[PDB]
>>> print(open('structure.txt').read())   # compact mmCIF, N, CA, C and O atoms
# COMPACT_ATOMS: atom_id res chain seq x y z
N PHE A 352 0.85 -1.18 0.00
CA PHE A 352 0.00 0.00 0.00
C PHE A 352 0.88 1.24 0.00
O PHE A 352 1.82 1.33 0.80
N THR A 353 0.59 2.18 -0.89
CA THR A 353 1.37 3.40 -1.03
C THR A 353 0.68 4.52 -0.28
O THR A 353 -0.44 4.91 -0.63
N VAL A 354 1.35 5.05 0.74
CA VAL A 354 0.80 6.10 1.59
C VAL A 354 1.57 7.39 1.31
O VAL A 354 2.81 7.39 1.30
N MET A 355 0.84 8.48 1.09
CA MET A 355 1.42 9.76 0.73
C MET A 355 0.77 10.85 1.58
O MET A 355 -0.45 11.05 1.50
N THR A 356 1.57 11.55 2.37
CA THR A 356 1.08 12.57 3.28
C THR A 356 1.80 13.88 3.00
O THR A 356 3.03 13.91 2.85
N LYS A 357 1.04 14.97 2.91
CA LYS A 357 1.58 16.31 2.72
C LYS A 357 1.04 17.21 3.82
O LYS A 357 -0.08 17.73 3.71
N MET A 358 1.84 17.41 4.86
CA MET A 358 1.43 18.23 6.00
C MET A 358 1.39 19.70 5.61
O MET A 358 2.10 20.13 4.69
N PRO A 359 0.55 20.50 6.28
CA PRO A 359 0.50 21.93 5.96
C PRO A 359 1.83 22.61 6.23
O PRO A 359 2.59 22.22 7.11
N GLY A 360 2.11 23.64 5.44
CA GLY A 360 3.34 24.38 5.59
C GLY A 360 3.75 25.01 4.27
O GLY A 360 2.91 25.34 3.44
N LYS A 361 5.07 25.15 4.11
CA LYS A 361 5.60 25.74 2.88
C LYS A 361 5.37 24.83 1.68
O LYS A 361 5.19 25.30 0.56
N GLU A 362 5.37 23.51 1.91
CA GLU A 362 5.21 22.58 0.80
C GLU A 362 3.81 22.65 0.21
O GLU A 362 3.61 22.37 -0.98
N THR A 363 2.82 23.02 1.02
CA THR A 363 1.44 23.13 0.56
C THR A 363 1.11 24.53 0.06
O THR A 363 0.05 24.73 -0.55
N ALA A 364 1.99 25.50 0.27
CA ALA A 364 1.76 26.85 -0.23
C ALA A 364 1.72 26.85 -1.75
O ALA A 364 2.56 26.23 -2.41
N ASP A 365 0.74 27.55 -2.31
CA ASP A 365 0.49 27.51 -3.74
C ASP A 365 -0.23 28.79 -4.12
O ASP A 365 -0.60 29.60 -3.27
N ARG A 366 -0.42 28.98 -5.43
CA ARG A 366 -1.13 30.16 -5.91
C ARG A 366 -2.57 30.18 -5.40
O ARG A 366 -3.10 31.24 -5.06
N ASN A 367 -3.22 29.02 -5.36
CA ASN A 367 -4.60 28.95 -4.90
C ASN A 367 -4.70 29.22 -3.40
O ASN A 367 -5.67 29.83 -2.94
N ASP A 368 -3.72 28.75 -2.62
CA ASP A 368 -3.68 28.97 -1.18
C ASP A 368 -2.33 29.57 -0.82
O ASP A 368 -1.37 28.84 -0.52
N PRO A 369 -2.20 30.90 -0.84
CA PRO A 369 -0.88 31.51 -0.58
C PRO A 369 -0.34 31.24 0.81
O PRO A 369 0.87 31.34 1.02
N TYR A 370 -1.21 30.92 1.77
CA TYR A 370 -0.74 30.74 3.14
C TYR A 370 -0.32 29.30 3.41
O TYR A 370 0.73 29.06 4.01
N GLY A 371 -1.12 28.34 2.96
CA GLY A 371 -0.79 26.94 3.14
C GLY A 371 -1.40 26.27 4.35
O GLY A 371 -0.67 25.61 5.10
N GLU A 372 -2.71 26.41 4.56
CA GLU A 372 -3.33 25.83 5.75
C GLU A 372 -3.72 24.38 5.53
O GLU A 372 -3.69 23.57 6.46
N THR A 373 -4.10 24.02 4.30
CA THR A 373 -4.70 22.72 4.04
C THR A 373 -3.64 21.62 3.97
O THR A 373 -2.43 21.87 3.96
N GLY A 374 -4.13 20.38 3.91
CA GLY A 374 -3.28 19.21 3.78
C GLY A 374 -4.13 18.01 3.44
O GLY A 374 -5.36 18.10 3.38
N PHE A 375 -3.47 16.88 3.21
CA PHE A 375 -4.19 15.67 2.83
C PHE A 375 -3.32 14.44 3.07
O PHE A 375 -2.14 14.53 3.39
N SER A 376 -3.95 13.28 2.92
CA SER A 376 -3.29 11.98 2.99
C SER A 376 -4.06 11.00 2.14
O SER A 376 -5.29 11.02 2.12
N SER A 377 -3.34 10.13 1.43
CA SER A 377 -3.97 9.23 0.47
C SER A 377 -3.31 7.86 0.52
O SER A 377 -2.15 7.73 0.90
N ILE A 378 -4.07 6.83 0.12
CA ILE A 378 -3.59 5.46 0.07
C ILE A 378 -4.14 4.82 -1.20
O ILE A 378 -5.29 5.05 -1.57
N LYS A 379 -3.30 4.02 -1.87
CA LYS A 379 -3.70 3.35 -3.10
C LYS A 379 -2.93 2.04 -3.25
O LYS A 379 -1.86 1.87 -2.66
N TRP A 380 -3.48 1.13 -4.05
CA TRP A 380 -2.87 -0.18 -4.24
C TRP A 380 -3.41 -0.82 -5.51
O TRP A 380 -4.41 -0.37 -6.07
N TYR A 381 -2.72 -1.87 -5.95
CA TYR A 381 -3.12 -2.67 -7.10
C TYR A 381 -3.52 -4.06 -6.63
O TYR A 381 -2.96 -4.57 -5.65
N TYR A 382 -4.48 -4.67 -7.31
CA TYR A 382 -4.93 -6.00 -6.92
C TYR A 382 -5.43 -6.78 -8.13
O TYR A 382 -5.93 -6.20 -9.09
N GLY A 383 -5.28 -8.10 -8.06
CA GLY A 383 -5.78 -8.99 -9.09
C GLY A 383 -5.76 -10.41 -8.58
O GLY A 383 -5.08 -10.73 -7.59
N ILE A 384 -6.51 -11.27 -9.26
CA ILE A 384 -6.66 -12.67 -8.86
C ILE A 384 -6.40 -13.56 -10.06
O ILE A 384 -6.82 -13.24 -11.18
N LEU A 385 -5.70 -14.66 -9.83
CA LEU A 385 -5.46 -15.68 -10.84
C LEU A 385 -6.02 -17.00 -10.32
O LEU A 385 -5.63 -17.46 -9.24
N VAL A 386 -6.92 -17.60 -11.08
CA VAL A 386 -7.58 -18.85 -10.70
C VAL A 386 -6.86 -19.97 -11.44
O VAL A 386 -7.07 -20.17 -12.64
N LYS A 387 -6.02 -20.71 -10.72
CA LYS A 387 -5.24 -21.77 -11.35
C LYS A 387 -6.12 -22.95 -11.74
O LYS A 387 -6.05 -23.46 -12.86
N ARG A 388 -6.96 -23.42 -10.82
CA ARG A 388 -7.80 -24.59 -11.03
C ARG A 388 -9.24 -24.27 -10.65
O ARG A 388 -9.61 -24.44 -9.47
N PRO A 389 -10.08 -23.83 -11.59
CA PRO A 389 -11.47 -23.52 -11.23
C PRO A 389 -12.29 -24.75 -10.88
O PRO A 389 -13.40 -24.60 -10.35
N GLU A 390 -11.79 -25.94 -11.18
CA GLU A 390 -12.56 -27.16 -10.94
C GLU A 390 -12.70 -27.45 -9.45
O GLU A 390 -13.61 -28.18 -9.04
N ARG A 391 -11.80 -26.91 -8.63
CA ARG A 391 -11.79 -27.27 -7.21
C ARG A 391 -12.72 -26.38 -6.39
O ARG A 391 -12.89 -26.62 -5.19
N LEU A 392 -13.32 -25.37 -7.01
CA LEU A 392 -14.24 -24.50 -6.28
C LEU A 392 -15.68 -24.97 -6.47
O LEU A 392 -16.06 -25.42 -7.55
N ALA A 393 -16.47 -24.87 -5.41
CA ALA A 393 -17.87 -25.30 -5.44
C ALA A 393 -18.70 -24.36 -4.58
O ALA A 393 -18.18 -23.68 -3.69
N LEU A 394 -20.01 -24.34 -4.84
CA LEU A 394 -20.89 -23.35 -4.25
C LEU A 394 -22.31 -23.90 -4.19
O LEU A 394 -22.76 -24.58 -5.12
N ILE A 395 -23.02 -23.60 -3.10
CA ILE A 395 -24.39 -24.05 -2.90
C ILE A 395 -25.25 -22.86 -2.49
O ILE A 395 -25.06 -22.29 -1.41
N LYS A 396 -26.23 -22.51 -3.33
CA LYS A 396 -27.08 -21.35 -3.10
C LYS A 396 -28.33 -21.77 -2.35
O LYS A 396 -29.08 -22.63 -2.82
N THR A 397 -28.56 -21.15 -1.19
CA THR A 397 -29.69 -21.47 -0.33
C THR A 397 -30.27 -20.19 0.25
O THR A 397 -29.62 -19.15 0.26
N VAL A 398 -31.51 -20.28 0.74
CA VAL A 398 -32.10 -19.18 1.50
C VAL A 398 -31.74 -19.32 2.97
O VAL A 398 -31.27 -20.37 3.43
N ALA A 399 -31.95 -18.25 3.73
CA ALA A 399 -31.61 -18.26 5.14
C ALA A 399 -32.79 -17.80 5.99
O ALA A 399 -33.52 -16.88 5.60
N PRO A 400 -33.00 -18.41 7.15
CA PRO A 400 -34.11 -18.00 8.01
C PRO A 400 -33.79 -16.72 8.77
O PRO A 400 -32.64 -16.27 8.83
N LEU A 401 -34.83 -16.14 9.36
CA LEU A 401 -34.66 -14.96 10.20
C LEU A 401 -33.88 -15.30 11.47
O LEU A 401 -34.47 -15.65 12.49
N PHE B 352 18.20 27.65 -23.77
CA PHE B 352 17.00 26.85 -23.56
C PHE B 352 16.86 26.54 -22.08
O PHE B 352 17.84 26.19 -21.42
N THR B 353 15.64 26.66 -21.56
CA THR B 353 15.33 26.35 -20.17
C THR B 353 14.35 25.18 -20.15
O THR B 353 13.28 25.25 -20.76
N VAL B 354 14.72 24.11 -19.45
CA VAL B 354 13.94 22.88 -19.41
C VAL B 354 13.55 22.59 -17.97
O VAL B 354 14.39 22.63 -17.07
N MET B 355 12.26 22.30 -17.76
CA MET B 355 11.73 21.93 -16.45
C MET B 355 11.00 20.60 -16.58
O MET B 355 10.18 20.43 -17.48
N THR B 356 11.30 19.68 -15.67
CA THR B 356 10.70 18.35 -15.68
C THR B 356 10.23 18.00 -14.28
O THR B 356 10.97 18.21 -13.31
N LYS B 357 9.02 17.47 -14.17
CA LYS B 357 8.45 17.02 -12.90
C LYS B 357 7.90 15.62 -13.09
O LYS B 357 6.82 15.44 -13.66
N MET B 358 8.64 14.63 -12.60
CA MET B 358 8.19 13.25 -12.69
C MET B 358 7.01 13.02 -11.75
O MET B 358 6.88 13.68 -10.72
N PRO B 359 6.11 12.09 -12.09
CA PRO B 359 4.97 11.81 -11.21
C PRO B 359 5.43 11.27 -9.87
O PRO B 359 6.46 10.60 -9.76
N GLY B 360 4.65 11.58 -8.83
CA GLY B 360 4.98 11.13 -7.49
C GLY B 360 4.70 12.16 -6.42
O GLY B 360 3.67 12.84 -6.45
N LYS B 361 5.62 12.27 -5.46
CA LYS B 361 5.41 13.20 -4.35
C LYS B 361 5.41 14.65 -4.83
O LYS B 361 4.61 15.46 -4.35
N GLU B 362 6.29 14.99 -5.77
CA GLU B 362 6.41 16.38 -6.19
C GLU B 362 5.22 16.82 -7.04
O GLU B 362 5.00 18.02 -7.23
N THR B 363 4.46 15.86 -7.56
CA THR B 363 3.30 16.17 -8.40
C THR B 363 2.00 16.22 -7.61
O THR B 363 1.03 16.83 -8.07
N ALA B 364 1.96 15.62 -6.42
CA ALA B 364 0.74 15.61 -5.62
C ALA B 364 0.30 17.02 -5.28
O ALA B 364 1.12 17.90 -5.01
N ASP B 365 -1.01 17.24 -5.30
CA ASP B 365 -1.57 18.58 -5.13
C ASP B 365 -3.00 18.44 -4.62
O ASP B 365 -3.53 17.33 -4.50
N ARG B 366 -3.61 19.58 -4.30
CA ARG B 366 -5.00 19.57 -3.84
C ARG B 366 -5.93 19.05 -4.93
O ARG B 366 -6.90 18.34 -4.65
N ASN B 367 -5.66 19.42 -6.19
CA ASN B 367 -6.52 18.97 -7.29
C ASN B 367 -6.30 17.49 -7.59
O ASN B 367 -7.25 16.79 -7.96
N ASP B 368 -5.07 17.01 -7.46
CA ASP B 368 -4.75 15.60 -7.70
C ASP B 368 -3.98 15.06 -6.50
O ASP B 368 -2.73 15.09 -6.51
N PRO B 369 -4.66 14.58 -5.46
CA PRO B 369 -3.93 14.07 -4.29
C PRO B 369 -3.03 12.89 -4.58
O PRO B 369 -2.00 12.72 -3.92
N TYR B 370 -3.39 12.05 -5.56
CA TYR B 370 -2.61 10.84 -5.80
C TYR B 370 -1.31 11.13 -6.53
O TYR B 370 -0.29 10.49 -6.27
N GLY B 371 -1.33 12.09 -7.45
CA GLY B 371 -0.12 12.43 -8.18
C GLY B 371 0.22 11.50 -9.32
O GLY B 371 1.25 10.83 -9.27
N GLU B 372 -0.64 11.43 -10.34
CA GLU B 372 -0.41 10.48 -11.43
C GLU B 372 0.31 11.14 -12.60
O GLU B 372 1.11 10.49 -13.29
N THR B 373 0.05 12.42 -12.85
CA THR B 373 0.48 13.05 -14.09
C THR B 373 1.90 13.60 -13.97
O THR B 373 2.57 13.48 -12.95
N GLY B 374 2.35 14.20 -15.07
CA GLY B 374 3.67 14.82 -15.14
C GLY B 374 3.78 15.61 -16.42
O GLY B 374 2.84 15.64 -17.23
N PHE B 375 4.92 16.26 -16.60
CA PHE B 375 5.12 17.09 -17.78
C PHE B 375 6.59 17.45 -17.94
O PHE B 375 7.43 17.12 -17.10
N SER B 376 6.88 18.14 -19.05
CA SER B 376 8.20 18.69 -19.34
C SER B 376 8.04 19.81 -20.36
O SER B 376 7.29 19.66 -21.32
N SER B 377 8.75 20.91 -20.15
CA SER B 377 8.56 22.11 -20.96
C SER B 377 9.90 22.73 -21.31
O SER B 377 10.90 22.51 -20.63
N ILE B 378 9.90 23.51 -22.39
CA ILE B 378 11.10 24.19 -22.89
C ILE B 378 10.69 25.53 -23.48
O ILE B 378 9.65 25.64 -24.13
N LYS B 379 11.51 26.56 -23.25
CA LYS B 379 11.20 27.91 -23.70
C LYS B 379 12.50 28.67 -23.95
O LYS B 379 13.55 28.31 -23.42
N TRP B 380 12.41 29.73 -24.76
CA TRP B 380 13.58 30.49 -25.14
C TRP B 380 13.16 31.88 -25.60
O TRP B 380 11.99 32.13 -25.89
N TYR B 381 14.14 32.78 -25.67
CA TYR B 381 13.96 34.16 -26.12
C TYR B 381 14.76 34.38 -27.39
O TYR B 381 15.95 34.04 -27.44
N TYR B 382 14.13 34.96 -28.41
CA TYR B 382 14.77 35.16 -29.70
C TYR B 382 14.47 36.55 -30.25
O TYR B 382 13.35 37.04 -30.11
N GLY B 383 15.48 37.16 -30.87
CA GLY B 383 15.31 38.46 -31.50
C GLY B 383 16.42 38.72 -32.48
O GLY B 383 17.51 38.14 -32.39
N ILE B 384 16.15 39.61 -33.44
CA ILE B 384 17.08 39.91 -34.52
C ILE B 384 17.08 41.41 -34.78
O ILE B 384 16.05 42.07 -34.64
N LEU B 385 18.24 41.94 -35.14
CA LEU B 385 18.41 43.35 -35.49
C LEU B 385 19.09 43.44 -36.84
O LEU B 385 20.16 42.87 -37.04
N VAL B 386 18.47 44.17 -37.77
CA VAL B 386 18.99 44.30 -39.13
C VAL B 386 19.60 45.68 -39.31
O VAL B 386 18.90 46.69 -39.24
N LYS B 387 20.91 45.72 -39.56
CA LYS B 387 21.59 47.01 -39.69
C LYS B 387 21.52 47.54 -41.11
O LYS B 387 21.02 48.64 -41.36
N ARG B 388 22.03 46.77 -42.07
CA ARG B 388 22.07 47.19 -43.47
C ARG B 388 21.28 46.20 -44.31
O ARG B 388 21.83 45.15 -44.72
N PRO B 389 20.01 46.47 -44.61
CA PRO B 389 19.24 45.52 -45.42
C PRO B 389 19.69 45.46 -46.86
O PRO B 389 19.29 44.55 -47.60
N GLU B 390 20.53 46.40 -47.30
CA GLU B 390 20.95 46.44 -48.69
C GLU B 390 21.88 45.28 -49.03
O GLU B 390 22.03 44.92 -50.20
N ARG B 391 22.52 44.69 -48.02
CA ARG B 391 23.52 43.66 -48.29
C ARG B 391 22.87 42.30 -48.52
O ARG B 391 23.51 41.39 -49.05
N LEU B 392 21.62 42.14 -48.11
CA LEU B 392 20.91 40.89 -48.37
C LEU B 392 20.33 40.89 -49.78
O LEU B 392 19.73 41.88 -50.21
N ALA B 393 20.49 39.77 -50.48
CA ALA B 393 20.04 39.67 -51.86
C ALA B 393 19.20 38.41 -52.03
O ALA B 393 19.32 37.45 -51.26
N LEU B 394 18.34 38.42 -53.05
CA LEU B 394 17.39 37.34 -53.26
C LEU B 394 17.05 37.26 -54.74
O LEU B 394 16.98 38.29 -55.42
N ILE B 395 16.83 36.04 -55.24
CA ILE B 395 16.39 35.81 -56.61
C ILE B 395 15.25 34.80 -56.58
O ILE B 395 15.44 33.64 -56.21
N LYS B 396 14.06 35.24 -56.98
CA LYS B 396 12.87 34.41 -56.95
C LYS B 396 12.70 33.70 -58.29
O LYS B 396 12.74 34.33 -59.35
N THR B 397 12.51 32.38 -58.23
CA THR B 397 12.43 31.57 -59.44
C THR B 397 11.64 30.30 -59.15
O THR B 397 11.46 29.90 -58.00
N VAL B 398 11.16 29.67 -60.22
CA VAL B 398 10.51 28.37 -60.10
C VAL B 398 11.55 27.26 -60.16
O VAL B 398 12.70 27.47 -60.55
N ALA B 399 11.15 26.06 -59.76
CA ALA B 399 12.05 24.93 -59.69
C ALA B 399 11.52 23.78 -60.54
O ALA B 399 10.30 23.56 -60.58
N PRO B 400 12.39 23.02 -61.21
CA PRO B 400 11.91 21.89 -62.00
C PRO B 400 11.40 20.76 -61.12
O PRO B 400 11.80 20.63 -59.96
N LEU B 401 10.51 19.95 -61.68
CA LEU B 401 9.97 18.80 -60.95
C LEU B 401 11.03 17.74 -60.73
O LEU B 401 11.56 17.16 -61.68
>>> encode(input="structure.txt", output="structure tokens")
Amino acid sequence: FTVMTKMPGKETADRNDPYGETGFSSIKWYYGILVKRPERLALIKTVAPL
Amino acid sequence: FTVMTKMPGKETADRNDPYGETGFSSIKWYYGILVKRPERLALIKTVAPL
């Protein structure tokens, strides 16, 4: 997981915000699944009581 | 020539794009010419064979 944080200060100072009060933090990742043998998976669909 | 490059990542992250995916590169220059004696320049206008 890639975490990126930009605390308020000089680094956040910009034309839109000349003072630099705001900040943010973000997280992102990649994911995927490979099914080697689909024959070994099984499933039973049923209803459930209250 | 002045060249500026900003690779994607921490330096590209901003309020508009918190993740920082994009990037760019730019080049600019100043040019000017001064003609002292235009009489010394010569020209002959003609057509050219195919």
>>> residues_around(input="structure.txt", residues="residue 355 in chain A", least_positions_apart="3", cutoff="7 Å", atoms="all atoms listed in the file", output="PyMOL selection string")
(chain A and resi 375-379) or (chain B and resi 369)
>>> calpha_fit_rmsd(input="structure.txt", fixed="chain A", moving="chain B")
0.8 Å
>>> interface_residues(input="structure.txt", of="chain B", to="chain A", cutoff="8 Å", atoms="only N, CA, C and O atoms", output="MDAnalysis selection string")
chainID B and resid 361:362 364:366 369:370
>>> atom_distance(input="structure.txt", atom1="atom C of residue 352 in chain B", atom2="atom C of residue 381 in chain B")
9.7 Å
>>> select_by_dssp(input="structure.txt", residues="chain B", states="strand (DSSP E or B)", output="PyMOL selection string")
chain B and resi 353-357+375-379
>>> decode(input="structure.txt", residues="chain B", atoms="C-alpha atoms", output="JSON list (two decimals), in the first residue's frame")
[["chain", "number", "residue", "atom", "x", "y", "z"],
["B", 352, "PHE", "CA", 17.00, 26.85, -23.56],
["B", 353, "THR", "CA", 15.33, 26.35, -20.17],
["B", 354, "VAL", "CA", 13.94, 22.88, -19.41],
["B", 355, "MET", "CA", 11.73, 21.93, -16.45],
["B", 356, "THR", "CA", 10.70, 18.35, -15.68],
["B", 357, "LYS", "CA", 8.45, 17.02, -12.90],
["B", 358, "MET", "CA", 8.19, 13.25, -12.69],
["B", 359, "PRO", "CA", 4.97, 11.81, -11.21],
["B", 360, "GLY", "CA", 4.98, 11.13, -7.49],
["B", 361, "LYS", "CA", 5.41, 13.20, -4.35],
["B", 362, "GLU", "CA", 6.41, 16.38, -6.19],
["B", 363, "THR", "CA", 3.30, 16.17, -8.40],
["B", 364, "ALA", "CA", 0.74, 15.61, -5.62],
["B", 365, "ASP", "CA", -1.57, 18.58, -5.13],
["B", 366, "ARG", "CA", -5.00, 19.57, -3.84],
["B", 367, "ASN", "CA", -6.52, 18.97, -7.29],
["B", 368, "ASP", "CA", -4.75, 15.60, -7.70],
["B", 369, "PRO", "CA", -3.93, 14.07, -4.29],
["B", 370, "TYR", "CA", -2.61, 10.84, -5.80],
["B", 371, "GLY", "CA", -0.12, 12.43, -8.18],
["B", 372, "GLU", "CA", -0.41, 10.48, -11.43],
["B", 373, "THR", "CA", 0.48, 13.05, -14.09],
["B", 374, "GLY", "CA", 3.67, 14.82, -15.14],
["B", 375, "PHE", "CA", 5.12, 17.09, -17.78],
["B", 376, "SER", "CA", 8.20, 18.69, -19.34],
["B", 377, "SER", "CA", 8.56, 22.11, -20.96],
["B", 378, "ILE", "CA", 11.10, 24.19, -22.89],
["B", 379, "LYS", "CA", 11.20, 27.91, -23.70],
["B", 380, "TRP", "CA", 13.58, 30.49, -25.14],
["B", 381, "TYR", "CA", 13.96, 34.16, -26.12],
["B", 382, "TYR", "CA", 14.77, 35.16, -29.70],
["B", 383, "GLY", "CA", 15.31, 38.46, -31.50],
["B", 384, "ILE", "CA", 17.08, 39.91, -34.52],
["B", 385, "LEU", "CA", 18.41, 43.35, -35.49],
["B", 386, "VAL", "CA", 18.99, 44.30, -39.13],
["B", 387, "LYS", "CA", 21.59, 47.01, -39.69],
["B", 388, "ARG", "CA", 22.07, 47.19, -43.47],
["B", 389, "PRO", "CA", 19.24, 45.52, -45.42],
["B", 390, "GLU", "CA", 20.95, 46.44, -48.69],
["B", 391, "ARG", "CA", 23.52, 43.66, -48.29],
["B", 392, "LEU", "CA", 20.91, 40.89, -48.37],
["B", 393, "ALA", "CA", 20.04, 39.67, -51.86],
["B", 394, "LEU", "CA", 17.39, 37.34, -53.26],
["B", 395, "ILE", "CA", 16.39, 35.81, -56.61],
["B", 396, "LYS", "CA", 12.87, 34.41, -56.95],
["B", 397, "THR", "CA", 12.43, 31.57, -59.44],
["B", 398, "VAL", "CA", 10.51, 28.37, -60.10],
["B", 399, "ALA", "CA", 12.05, 24.93, -59.69],
["B", 400, "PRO", "CA", 11.91, 21.89, -62.00],
["B", 401, "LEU", "CA", 9.97, 18.80, -60.95]]
